[PDB]
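Protein chains in written order, with the UniProt record's numbering: chain R, 298 to 444; chain E, 11 to 65; chain G, 11 to 65; chain P, 13 to 63; chain D, 11 to 65; chain V, 11 to 65; chain A, 2 to 451; chain H, 2 to 440.
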């Protein structure tokens, strides 16, 4: 259902929140939240260790009185950014489609810096999707002295 | 005589990469495993160069 | 290296005796094997001088 | 230089003792061999590890 | 020679360096265990080498 | 004070070696036990004079 | 004894109105406007009738300045269930809400009302000569949070002198709240509120959640039941200055025998001989199991092992209602064995405090006719595990760098976070390393730190 | 009269919780915490009900250590007949175990878990100062087994000075075993943990098999029966400390009474007046047959001929419970007329010891109500063959260099196996040199 290139395997979520305006208690909801939290190791990133939210109201959105939704931090957006950016660079290499994108003020520095900061956000995103600097990736999980 | 051999073993020390914080938790375990394997071989070579040269 | 690279070659040339035997399964199949272990360390530092001539 | 002279001087300072007696002290003699060779190699690798 | 022997055991006693007390109490306990290992082995071999001279 | 500490060890070696280990009973084994504990306390004093004086 | 009461944040204002109406039902302040017992307007002028005195308009109104820039909490203290029994005109609203952001309060969003709260504290500090300190209701990050308490404490230590700064530093449960950033303000607490204070306390929320979900079995895991029980603990601590008599063990020697050191600043609380509303069916009134379940984790606010936390002080407190000779009768019950691991340079005995006059019971909650209590409050080194848990949370968050750019472009500094880490480390090592028995300094030769 | 026990290995934790369940059932230490005989919660510490500590507000816990790398064993223990009063804060286990070997659990993967249980040992060692040795439960190849012990005995004998201790080595049985390389781990355990020891005694599972299938006529070789029998035997051993009587001597007195030498170190635990629902029904108990049936070969943990088995010591333990009068009558009815073949140039003084205040028998087990105990802790110099047979099998399997490759890349060398063979050959040939009767 998630409106992206779906990959729970490629998922390192940072902050999730689902508003439960269906009239029911949150104890079983939090138990199932713990079950989903610990049943997969992709979610285990351990920054801000209370990175969930359970907000419950009593005002229904529509005639279906008890229902919910999904909001949650998205980490499989790297393939979306790549799927858009590399087909931007597909039609940039041959100065493709300068029919009327030759604007009133045009430079090569603007497009070059645009793709360089696109690279510097996708590379930093993939550096944060890797380099497990909180789970066990430090030097002090296996003693202290390993040369 | 073996003051260059201890520089060779210090180059084996210099073949050590960092333990890679930019390294997947399965992969720097492999770095540690190839580390301990190579110093097992280095310890065999060390007792070789200790026992053989003493004669 | 680049003149001490052949100094490990004269180290292997220096302290490599003929495999004089001592008991079965020993000194002509496992001391020969630790000598080939030394040779595979030599192979590893050959692919590691492949990357120091890169720089 | 002085380091390798020290290491080989300690190597020749571990002689093989004479075999005599009703095999009590021989096991302690083997233990002394293996241990003292281990820490002379430890001193060797520490000295050549600082340098 | 007695001069070289006791000067060299003094020199390897200088290879018993001052520690690095940086860390928590558990790292200092691991440092303490390494200290007990090195002190135990080094004074045992000091008295052993003294006995091999005379005592 | 270093030459003092080496020439005395020389004089613990020199002036009194172990007495002639032949006595006309099994009590010479007893006095050899005395002298091996005596070399034990020479071990003791020799690890005092290098560690509590120059350490 | 006419200490100034400050209440900021949503928890501070919430428990402020709750506890002051608990005083209203305790001191008899009827919704008419005045008590039917003593006919002096507003409040009395006894030794215990001293919280309520003449400052406002001759009517001895309850004395608490209520400031918070979150306007909805000021609205629901203005439009709750009592409209005139508080200060009739001295509650000033806040215009723009901090909205769960602490760092805006100390630097950007709360700076317009610092002059107003200075005017309020100059109004309420030139009052009657009895002033033993400050009844601070501290919070971390709910409303403004630690912002106004922090600026008040720093300018009260550099401008008002060296008055005592008694804090209720709540360390709330992340389950019932919604913020995640809370370790940042809880560790800036050490830098901005701990050194320039003089005395402090601790109230918690995890143990009340644990008993309400499992033990007490009340289906109310929100801030309301937390307020209902923290109101009981605030009434219990204020009963020293509220119940004067033969055994009025008041704040005077209390502040002496709580804290031994500069950074032994953090006490502990173990009040839980509680009997619930579903236990309110004439059950066992016990003076034995409330002595027998003291060091069990049920009474403890933070789950810590007493087997590892040495105590340099112990302040026993058994507030009952039955007999002043029951003080001696309970001295001769359980105190004789008490082989408890102590520091080798601290006393052993237990102080005693009772309030033998029976109180007035709070209605409409989860409590029976409670009359007797147990609390083994003291400064313990067993909170080192709790502060190590908080430091583990902060180390993980600082490795994750959550809301760092939120919390640096307003006046903070990464070196300021380093100095806050050093202050937290000082508070750690005065409980981790120095706090344990340090007998290993006499002398031995093994290779130790000479 | 205070001691804290550690247990390693799967079968070690099994015999540990079985024996502790028997302890808590026979002192009246209920799962309600308190013992109902008096008004102290959790347990007590008076003279001999002293297996506790004041952890909470008088709360007392059955202080012990349960350690195994395989994690499900503590879960299946914690759902047993003594469910929730085991410690919720020291049940430390790993994630993946060594899986039936020695080298990996000792050298490689246990090296980051030895310091954690060492810190736990230090935290429990900051507690009450009563110390009379240790009680270490282990096997040769059950769980981790030798991997923890071979390191932690050296760590105890270096880190904790020269303090006395005691250990339990479960001698294996190839008819119910689960491995083939048991000569290798047996010879390695025997050169390592016995030279750094103070007291030990080996219990053979094949001896339990013999006394069950060949002496009791039952037809169930399951580890539950072994756990209950070990619980009974170790409870009878510990009952001197656990209950006070006429000769309520400490375990320190026992270990300073038994051991003659660092090499001459092991007893022959002689307790087979075998009992179940079959051999306890309408029988009569006397102090003659239970004492005359000791020296026979089919009563022993380790097999020995009675004339060829030479008793350096003949120490005895009695559960008593009626009188010391019949025990001091049997000292002449049985013990005085003992001209049995003995060791030359050593005293021939028989020792007896009676401990009153009966330990309650096992509830829900198999044996009916029984009274006497003949736990005669002798020793035998001819147990050199009981390890010489393993050395012979290790010679016939070790010249083929089998299973060597699993024990090469984890730190050791072939010199270690040669040293282990040398150590066991030294122990055996020392027994036929001076242990077996000489001139």
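All C-beta atoms, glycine included, are put in the ideal place defined by N, C-alpha and C.
Could you tell me which chain R residues have their CB closer than 9 Å to the CB of residue 31/E, listed as they occur along the chain?
428, 429, 430, 434, 435 and 436
Does the separation of the CB atoms of residue 30/E and residue 45/E fall below 8 Å?
no
With a threshold of 8 Å between beta-carbons, can residue 293/A be considered close to chain H, or not?
yes
Host beta strand (DSSP E) of residue 61/V (start-end):
Not the beta strand (DSSP E): residue 61/V falls in the alpha helix (DSSP H), residues 37 to 61.
Beta-carbon neighbours of residue 12/D, restricted to chain V and to distances below 8 Å:
Chain V residues near residue 12/D: 16, 19, 20 and 23.
Would you mind telling me which residues of chain E sit closer than 8 Å to residue 444/R, beta carbon to beta carbon, in chain order?
23 and 26
Once DSSP output is grouped into helix, strand and coil, what is the label at residue 205/A?
strand
Among 163/A, 401/A, 62/A and 40/A, which one has its Cα closest to the Cα of residue 24/A?
62/A
Three-state secondary structure (DSSP) at residue 49/H?
coil
Touch test, the segment 40 to 60 of chain V against the segment 47 to 62 of chain D, Cβ-Cβ under 8 Å, three pairs minimum:
The segment 40 to 60 of chain V and the segment 47 to 62 of chain D touch, with no fewer than 3 CB-CB distances between them shorter than 8 Å.
Under the assumption that residue 324/R contacts residue 179/A (Cβ atoms under 8 Å), give the Cβ distance between them as a whole number of angstroms.
No, residue 324/R and residue 179/A are not in contact; Cβ-Cβ is about 17 Å, not under 8 Å.
Name the DSSP bridge partner or partners of residue 271/H?
377/H
Could you check what DSSP says for residue 420/A in three-state terms: helix, strand or coil?
helix
Going straight from the alpha carbon of residue 347/R to that of residue 434/R, what length do you get?
21 Å
Using CA atoms only, rank isn't needed, just tell me which of 436/H, 430/H and 64/H is closest to residue 261/H.
436/H
Listed by chain order, chain H residues near residue 67/E by CB distance under 7 Å
Within the shown structure, residues of chain E are numbered from 11 to 65, placing residue 67/E beyond reach of any answer.
DSSP three-state call for residue 312/H: helix, strand or coil?
strand
Pick from 27/H, 19/H and 417/H that is closest to residue 361/H, judged by C-alpha positions:
27/H
Going by the C-beta, is residue 437/R closer than 7 Å to any heavy atom of the ligand NAP?
Judged by which ligands are present, the structure shown has none, so any question about the ligand NAP falls away.
Look at the Cβ atom of residue 44/A, then the Cβ atom of residue 50/A, and state whether they are nearer than 8 Å.
yes
Residues that residue 46/D contacts on chain H, provided the C-beta gap is smaller than 9 Å
159 and 160
Taking C-beta pairs closer than 7 Å, name the residues in chain D that residue 439/R reaches, listed in chain order.
Simply none; closest approach about 12 Å.
Would you grab the beta carbon distance between residue 140/H and residue 171/H for me? Rounded to a whole angstrom, and I think it's under 8 Å.
Contact between residue 140/H and residue 171/H holds, with the beta-carbon distance rounding to 4 Å and staying under 8 Å.
Roughly how many angstroms separate the alpha carbons of residue 442/R and residue 115/H, rounded to a whole number?
16 Å
Could you name the residues of chain A that residue 90/H contacts, counting a contact when the two beta carbons are closer than 8 Å?
Near residue 90/H (Cβ distances below 8 Å), the residues of chain A are 306.
Give the DSSP-derived three-state secondary structure of residue 94/H in the structure shown.
strand
Starting from residue 16/V and walking both ways along the beta strand (DSSP E), at which residues does that stretch end?
Element bounds for residue 16/V: not the beta strand (DSSP E) but the alpha helix (DSSP H), 13 to 24.
Please state whether DSSP places residue 345/H in a helix, a strand or coil.
In the three-state reduction of the DSSP assignment, residue 345/H falls in the coil class, being assigned neither a helical nor a strand state.
Of all the CB atoms in chain E, is at least one closer than 8 Å to the CB of residue 61/P?
yes
Which residue spans inside the segment 278 to 304 of chain H form an unbroken alpha helix (DSSP H) run of at least 4?
290 to 293
Throw me the rounded Cβ distance for the residue 300/H and residue 271/H pair, which I believe falls under 8 Å.
6 Å
Say whether the segment 398 to 407 of chain H touches the segment 281 to 301 of chain H, bearing in mind that this needs 3 or more beta-carbon pairs closer than 8 Å, one atom from each stretch.
no
Looking only at C-alpha atoms, which of 106/A, 220/A and 93/A sits nearest to residue 277/A?
220/A
Pick from 20/A, 42/A, 188/A and 48/A that is closest to residue 427/A, judged by C-alpha positions
188/A
Just grab the DSSP bridge partners of residue 9/H for me.
68/H
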